[PDB]
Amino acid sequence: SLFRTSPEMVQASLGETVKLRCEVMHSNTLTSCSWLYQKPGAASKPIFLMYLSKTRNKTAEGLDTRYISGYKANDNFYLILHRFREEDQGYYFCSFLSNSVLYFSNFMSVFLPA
């Protein structure tokens, strides 16, 4: 697989810190990764969170980085949900572009305990 992620199923309580990982294997100095999010409930378009690379990090306009941040270390990309909100529940995943193809990591689901 192109990506290796941290456990795909996560339970978090309100206010907890959640840390997600996607490793892009077989990488180079140009390797970049974008964190995306999809809401629970009805199917709806993904939301861009941030783009990470050695030379440039770019967060989405309107992203509150006090609650959601991320970083690159070597070939690992991380997303941190600092103070888990009810509306932070959903599906997080990485996206990587190579030769005109968009690649996606498996979903990492993060939900409150039922």
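Throughout, we count residues from 1 along the sequence that is shown.
- Taking only CA atoms, the mean B-factor in the PDB entry is higher for 29-37 than for the other of 29-37 and 77-85.
- Checked against the record, the higher mean CA B factor of 103-111 and 4-12 lies with 4-12.
- In the PDB entry, the Cα temperature factor peaks, among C94, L97, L20, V24, at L97.
- Sort the modelled residues of the chain by CA B factor and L63 lands in the highest third.
- In the deposited entry, the Cα temperature factor of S53 places it in the middle third of its chain's modelled residues.
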